[PDB]
Ligand SMILES: O=C(NC1CCCCC1)N[C@H]1[C@H](O)[C@@H](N2CCCCC2)[C@@H]2OC[C@H]1O2
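Residue numbers (the entry's author numbering): 1 to 330.
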């Protein structure tokens, strides 16, 4: 089997991407944020505190004939941005782009933090990191991918995120028309539960490539690219007037600037992030200070190849017995 679903930016900045997901019978379609940096499939629901729901589409398990309470199971998750959610768990049929999993753990939110409530466009998350990070207790649950794996033509999924445009998630096959050149594969460590890999270095604009190992995670659920303070300083030093602002919470730059590209290494290969991909617009409406798409990971504990990096590539998440990650230009 295979599946293929279009993923769509939630706003003009590509802050995140939503992908329609069918849950239950008859199908209830929710727009979920596919996140290769977490491992819970959770949704706004009929059980979510009413004051915490504002415009989201909810899953109502009582209206699904295939829904079954996973008795005693609860979940609770916090994300790096400080947001959180928690609740109880049903199993139900979940389909993505024509690919169906029966008995998928669907984590129903009883509570969500304010950031989720405030974002009407995201109805939940669909985790695609390793199931060892799944928060369901007392019986940890498998991701959608993990459940689908054995049925797939090939035990892979691909992320092809668009710049200011829709893209695609495929399950079970590699679309050889979706990228240019070849796919370079690189080792993954699953020890932290992430698609963790080591970039071979970087360049800023037309500058010389610096060979240096940068360990980090491929994380579709993170908007920006978070890298060591040395690397980020070298990048923003090439933009006149750019500076790190503690009041704003990162590097900002004059909206009148032309940003240089940023290149990262995947083995001997190179992925080039165009300058424009690094512009996240005015810090507040009408401001001439713009927020940078490359930020320091210093206060995080891990480097994060988020959407800014990933959207520049066609990315293969290879879930074979020894997982690996593939990157191609496109
Ligand atoms: O918290 C992170 N990542 C951390 C960011 C800081 C540095 C460490 C990693 N990812 C989350 C993301 O911000 C959320 N958000 C939704 C609305 C706008 C788009 C993003 C979304 O919900 C959970 C997940 O995706």
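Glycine is no exception: its CB is placed at the ideal position from the N, C-alpha and C atoms.
Bridge partners - residue i, DSSP secondary structure assignment
i	result
residue 22	29 and 95
residue 199	214
residue 111	86
residue 325	186 and 317
residue 273	262
residue 100	95
Classification of residue i by the beta-carbon crowding that lies within 10 angstroms, buried from 16 upward
i	result
residue 61	buried
residue 300	exposed
residue 69	exposed
residue 118	exposed
residue 350	Missing from the structure shown is residue 350; the chain here goes from 1 to 330 and no further.
residue 165	exposed
residue 153	exposed
residue 50	exposed
residue 124	buried
residue 11	exposed
residue 155	buried
residue 81	exposed
residue 38	buried
residue 63	exposed
residue 332	Since the first residue shown for the chain is 1 and the last is 330, residue 332 is missing from the structure and cannot be characterised.
residue 85	buried
residue 191	exposed
Start and end residues, beta strand (DSSP E) containing residue i
i	result
residue 75	68-78
residue 226	225-227
residue 252	250-254
residue 129	Run containing residue 129: none; DSSP gives neither H nor E here.
residue 160	156-160
residue 171	167-171
residue 6	3-9
residue 243	243-245
residue 288	Element bounds for residue 288: n/a, residue is neither H nor E.
residue 239	That residue, residue 239, is in no beta strand (DSSP E); it is neither H nor E in DSSP.
Run of the alpha helix (DSSP H) containing residue i, from where it starts to where it stops
i	result
residue 116	114-118
residue 310	307-310
residue 279	Careful: residue 279 lies outside any alpha helix (DSSP H), inside the beta strand (DSSP E) at 279-282.
residue 194	Premise fails: residue 194 is in no alpha helix (DSSP H) and is neither H nor E.
residue 144	144-148
Integer Cβ distance of residue i from residue j, believed to fall under 8 angstroms
i	j	result
residue 3	residue 89	Actually they are not in contact, since the Cβ atoms of residue 3 and residue 89 sit about 23 angstroms apart, beyond 8 angstroms.
residue 99	residue 35	About 18 angstroms; that fails the 8 angstroms criterion.
residue 253	residue 236	7 angstroms
residue 73	residue 139	6 angstroms
Cβ-heavy atom distance, residue i to ligand 3, below 7 angstroms
i	result
residue 246	Ligands displayed in this structure: ligand 1; ligand 3 is not among them.
| request: Give a yes or no on contact between the region 277-291 and the region 204-216, applying the rule of three or more CB pairs nearer than 8 angstroms. | output: no
| Taking one C-beta from the region 42-49 and one from the region 105-118 each time, how about it: are there three or more such pairs within less than 8 angstroms? | yes
| query | Any contact of the region 295-311 with the region 222-240, i.e. 3+ C-beta pairs under 8 angstroms? | reply | yes
| said: Check whether the region 158-173 and the region 305-318 touch, using three or more Cβ-Cβ pairs below 8 angstroms as the test. | reply: yes
| message | Under 8 angstroms: do the region 186-206 and the region 165-176 share three or more Cβ pairs, one atom per stretch? | response | no
| query | Does the region 11-21 touch the region 128-143, meaning 3 or more C-beta pairs lie closer than 8 angstroms? | reply | no
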